[PDB]
Amino acid sequence: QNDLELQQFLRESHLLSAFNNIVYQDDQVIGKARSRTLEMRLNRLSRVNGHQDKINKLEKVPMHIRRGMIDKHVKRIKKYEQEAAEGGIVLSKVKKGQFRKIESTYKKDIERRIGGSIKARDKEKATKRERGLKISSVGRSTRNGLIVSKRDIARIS
Amino acid sequence: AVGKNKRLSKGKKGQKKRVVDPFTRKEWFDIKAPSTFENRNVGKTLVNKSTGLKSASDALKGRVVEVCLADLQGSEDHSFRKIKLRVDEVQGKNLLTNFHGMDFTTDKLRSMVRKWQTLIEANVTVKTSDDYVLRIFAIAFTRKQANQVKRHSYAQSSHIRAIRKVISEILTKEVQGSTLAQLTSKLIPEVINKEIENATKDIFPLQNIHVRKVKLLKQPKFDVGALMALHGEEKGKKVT
Amino acid sequence: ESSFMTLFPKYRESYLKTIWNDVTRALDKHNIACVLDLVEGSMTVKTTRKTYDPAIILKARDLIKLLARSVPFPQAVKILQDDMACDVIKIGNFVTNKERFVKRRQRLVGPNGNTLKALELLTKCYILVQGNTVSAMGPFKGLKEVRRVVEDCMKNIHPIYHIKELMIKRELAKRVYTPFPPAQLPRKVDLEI
Amino acid sequence: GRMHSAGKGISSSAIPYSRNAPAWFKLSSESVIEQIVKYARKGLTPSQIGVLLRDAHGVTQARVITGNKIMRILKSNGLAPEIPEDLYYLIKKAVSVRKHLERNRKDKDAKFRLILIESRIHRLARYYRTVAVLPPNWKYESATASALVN
RNA sequence: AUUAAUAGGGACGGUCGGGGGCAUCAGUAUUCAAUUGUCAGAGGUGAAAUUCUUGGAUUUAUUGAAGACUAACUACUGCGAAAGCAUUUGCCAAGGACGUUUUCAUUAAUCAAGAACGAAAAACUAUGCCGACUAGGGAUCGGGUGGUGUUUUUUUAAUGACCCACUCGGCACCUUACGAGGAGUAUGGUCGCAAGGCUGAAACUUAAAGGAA
């Protein structure tokens, strides 16, 4: 993990396959593999210390276009998951907000116009739900009811 | 160690002058199969000395040959089965074999194994009337009806244990009621597994039913009259 | 003459019924006839009277093996080529603790699939982890490497060690018991009794 | 409740609403009563008395047909047990398992099941002793119950 | 001389399971050996070496023993208190669920302490708001009830499979309703470090040998 280059090659394992269908080394790499993987490294290094909106702003796509893209994409993700789940193949796991990343998204570069996941649903889920206005401030509410301590019965007797 | 870089080992120190010409000294014997089969003629086999008539006879008594039931039985589908024939008599450029065992073939077993259904395996040890001791292995996979909608058809283990006991009963009553030619003629056209299917259709309908393997374990004292009878002694010609 | 048959499940039945025409035109380029049974759920390859590659009957057998193991059709015909063999690796019998076993399998696939994909690139193979069998395809030396790394992953060596090792190798190649239990402590009530 | 285990089952016999006789029953209370004491002289536990009388002779419940429950009919006839039937069956279970262990010294699961059964035996005996249907010095012990069965 | 809790026991009934115990039976491989062939190499690897081989290894054939394990079937699963459990046929007990117009009548729920059971080179990118909580939805395993036709068979033995409607109870998944420091730089301080006269060769301009040229 403290190594700097094995783990980099693990991270851009997918782009290299995608755009060279070896030359993992960053001084024989050529073409759109070189371009995209540089965009990768710069985003990671800046992500640890920049602010969330400016480190990943999305390009502008009108509404029906972007909704259409995400819909078609999610059907492709679920086809993949169904085919593996049937003919039982393990799949790497994803934090259940995020879109699973597959070889079609690495090729189409659809992450720049879709995003990691639907940010509105992310934020709205990660809020905590709002409690009521609270009233009876003398005892503890249990499954059985208000337990009212002897000391408090004394203090307001 | 062929090449020029390859160093000597203890290896090529004392060699042997190959002079003997083994495939001059050898001799060819024709073999032949019992009378329960169609294409009786098969095979020629070598004997490592000719100059032992009795020594040659000892080698050919020892032998075990095995052959595809297709070419043994006319039907040119290589019917995925093997007959081991054992040679236990000699007479004059003819070996008079006898039945020794049987097996399916691993590609046929892969050809039947399937995922959403269980297999049933019975393996009964029996005795024929000729005092041979047999071990017969029989296999059967459960099936879905001509009607179902559930996606998989598994047998509850009551049904499995009643099927295994039923298969055991049919096998042991049929082979104890056989003699060894009577067995072989039963085994050739696959009539046992119709008996199994017809007697197990009342439990949980099986599809794919077979007599997988037969292992011989015991033979009696050898029986020349019986064997030459099963196949079905001679003047010389007066060298002067 | 010779023929080999295998069986597939119904999801592959729909997929196969699409791709089948490319199979018969590829195998007839090699002169091998084939047939698909939706009635029983099988696939059969036969040689014909005009074929003459006795190895191709074994390779095409293995083609239908892969397609019913749900490897898609482009990777099937890569089995049909000459310097490629498939391989099934068993991983059922390496540990008992099932939690531990599932963790080790997922260690082989790894975050986003990275370790599997990086072995795929460094060994030119095509790996498919299923259940208890890791089915790979590739050139034979690739299969040597895969068997070593998957086996020691199911034993306790991290595949990331074997990936580092492969990368460097390639660079240099360029250069008392009782059964009766004790008594029971009595309750306060029964003590009062 | 459901201790010792993992199931939350509800599978009981539900008693019909009305506490009157069925409209088709035609026998007589003393006939049922003499039948019960006949079965007791045969030597059957009240559970079995009821299930015979439901199956064969067509009685719903003793308290429905006759005026009283079974074992008070028994006590009216001097047919009481020593120790009540659920305790008795429990003790039989525990000592039988104990014999099995003594045979098969390497049964961890049977050791565990013995511990659970005796736990029930202690609880039940405590309640029975509490209401005083058993003598207050009634002690379930290994050889005591073993010779009770022997 | 109460009711019989969608509280608890307990009995009975037909089952269900890769739960446990002792015993048995089988499977190919592997290791060892006997016997048989044929002839010079085998094994292993980035490449090799150690190693085994003309008292014949590897290889082929017939058999024998030996210890382990229980393939493919093997999951959208099953059983177990947890650790865990996988070929057969017995035997010994135990168990959940379901069925029940049986039986007892609050016998109870959670638990600090305490007791039973608990292989142990390991671990290494996972992560889900929860809650005493409302409706559901698809498949799944176990039992039960009705309907219904196909598979089935008919006086001697099993009268089991599938489809559908419900219905209890399970391991699950998909939806819903309400609710309580981090990163970096600077540093006339303290401690620790730290340099080079071509070497030999220093009291000696000091030979032979090198290192550079």
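(A) Layout of the overall build of chain D. Secondary structure summary: chain D contains 7 helices and 0 strands in total. Reading the helices (α) and strands (β) of chain D from amino to carboxyl end gives α-α-α-α-α-α-α. Taken over C-alpha atoms, the radius of gyration comes to 19 Å for chain D, far larger than the 15 Å a tight globule of 150 residues would show. Structurally, chain D occupies a C-alpha span of about 60 × 35 × 30 Å along its principal axes. Looking at the 150 residues of chain D, the share that counts as buried comes to 29%. A separation threshold of at least 6 residues defines the contact pool for chain D, and within that pool the share at least 24 residues apart is 59%. Looking at charge distribution, chain D has the averaged site of its 27 positive side-chain charges lying 5 Å from that of its 11 negative ones.

(B) Structural detail: the nonpolar core. Counting residues in each nonpolar core, the largest one holds 37 residues, and the members touching the most others are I83, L134, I136, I167, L171 and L187 of chain B. Broken down by element, this core gets its largest block of residues, 6 residues, from helix 5 (residues 157-176) of chain B. Discounting residues that sit within four places of it in the chain, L171 of chain B has contacts with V124, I136, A138 and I192 of chain B. By size, the runner-up hydrophobic cluster in this structure holds 33 residues, among which are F9 and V29 of chain A together with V109 and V149 of chain C.

(C) Representation of a positive patch on the surface within the structure. Residues and elements named next belong to chain A. Among the surface-exposed residues, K128, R129, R131 and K134 lie close enough to one another that they form a single positively charged patch. Here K134 shows up in the loop between helix 8 (119-126) and strand 1 (140-141). Residue class for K134 comes out exposed when judged on its relative accessible area of 79%.

(D) Main features of the interface of chain C and chain B. Taken residue by residue, the interface counts 8 residues in chain C and 6 residues in chain B. Both sides of the chain C and chain B interface together cover about 660 Å² of buried area, and 42% of this is carbon and sulfur. Broken down residue by residue, the surface that chain C buries against chain B is led by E1, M5 and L7 of chain C, which jointly contribute 52%. Summed over the shared surface of chain C and chain B, the result is 1 salt bridge. When the shortest N-O distance is used, the salt bridge between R61 of chain C and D107 of chain B registers 3.1 Å. Our enumeration of links across chain C and chain B arrives at 2 residue pairs in polar contact.

(E) Summary view of empty space enclosed by the protein. Residue and element names in this part refer to chain B. The computed volume of the largest cavity comes to approximately 90 Å³. Lining the largest cavity are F80, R81, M102, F104, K186, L187, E190, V191, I192, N193, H210 and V211. Counting residues per element, the ones that place at least two in the lining of the largest cavity are helix 6 (180-187), helix 7 (192-200) and strand 8 (206-218). For the lining of the largest cavity, the per-class residue count stands at 7 nonpolar, 2 polar and 3 charged.

(F) Spatial organisation of the environment of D131 of chain B. Residue and element names in this part refer to chain B. Mapped onto the secondary structure, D131 falls in the loop between strand 6 (119-127) and strand 7 (133-142). Remark: the alpha-carbon pair of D131 and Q219, spanning 88 residues in sequence, is separated by 6.9 Å. A polar contact is formed between the side chain of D131 and the side chain of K127, at a distance of 2.3 Å.

(G) Expanded view of the environment of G31 of chain A. All names here are of chain A. Relative to the helices and strands, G31 is located in the loop between helix 2 (13-20) and helix 3 (32-47). In this structure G31 comes out as partly exposed when scored by relative accessible area, which is 44%. When the C-alpha atoms of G31 and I70 are compared, they prove to be 28 Å apart, with 39 residues separating the residues in sequence.

(H) Quick look at the protein's contact with RNA strand E. In the neighbourhood of RNA strand E, 110 residues make up the surrounding shell, with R129 of chain A, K10, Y154 and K213 of chain B together with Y127 of chain D lying closest. Of what RNA strand E places within 4 Å of the protein, 73% of the atoms are sugar or phosphate. Within the side chain of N147 of chain B, an N or O atom sits 3.4 Å from a base nitrogen of RNA strand E. Ranked by the residues each element gives to the surface near RNA strand E, the list is headed by helix 6 (residues 108-131) of chain D, at 10 residues. Its residues assigned to classes, the surface near RNA strand E comprises 26 nonpolar, 38 polar and 46 charged.

(I) Summary view of the domain arrangement of chain D. Residue and element names in this part refer to chain D. As far as domains go, chain D holds domain 1 (26-80) and domain 2 (81-150). Between domain 1 and domain 2, the C-alpha centre-to-centre distance is 28 Å. The interface is formed by 5 residues belonging to domain 1 together with 4 residues belonging to domain 2. When domain 1 packs against domain 2, the two sides together hide about 350 Å² of surface, and 47% of this comes from carbon and sulfur. Interface area lost by domain 1 to domain 2 is led by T45, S47 and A80, which between them contribute 81%. Across the domain 1-domain 2 interface, the total number found is 1 residue pair in polar contact. Classifying every residue of the side of domain 1 that touches domain 2 by side-chain character gives 3 nonpolar, 2 polar and no charged.

Calculation rules
- Residues numbered from 1 in each chain as written, not as in the entry; some residues may be left out.
- Chains lettered and ligands numbered in written order.
- Part of a larger assembly, values for the part shown.
- Heavy atoms only, no water.
- Helix = DSSP H or I, 4+ residues; strand = E, 2+ residues; numbered from the N terminus.
- Rg over C-alpha atoms; globule rule 2.2 N^0.38 Å.
- Buried < 20%, exposed > 50% of the residue type's maximum accessible area, 1.4 Å probe, protein only.
- Contact = heavy atoms within 4.5 Å.
- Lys, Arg positive; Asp, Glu negative; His and termini not counted.
- Charge placed at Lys NZ, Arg CZ, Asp CG, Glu CD.
- Core = buried A, V, L, I, M, F, W, Y, C linked by side-chain atoms within 4.5 Å.
- Patch = residues over 30% accessible without salt bridge, like charges linked within 9 Å, V, L, I, M, F, W, Y side chains within 5 Å.
- Areas by Shrake-Rupley, 256 points an atom, 1.4 Å probe, with all protein chains shown as cover.
- Salt bridge = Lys/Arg side-chain N within 4 Å of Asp/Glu carboxyl O.
- Buried area = accessible area lost by both parts, 1.4 Å probe.
- Polar contact = N/O pair within 3.5 Å; in protein donor to acceptor, adjacent residues only side chain to side chain.
- 1 Å grid on protein atoms, 1.4 Å probe; cavity = no way out; pocket = protein on both sides within 12 Å on 5 of 7 lines; lining within 4 Å.
- Points joined across faces, edges and corners; volume = space filled by probe spheres on them.
- Nonpolar A, V, L, I, M, F, W, Y, C, P; charged D, E, K, R; others polar.
- Near = heavy atom within 4 Å.
- Domains from an automatic or database assignment.

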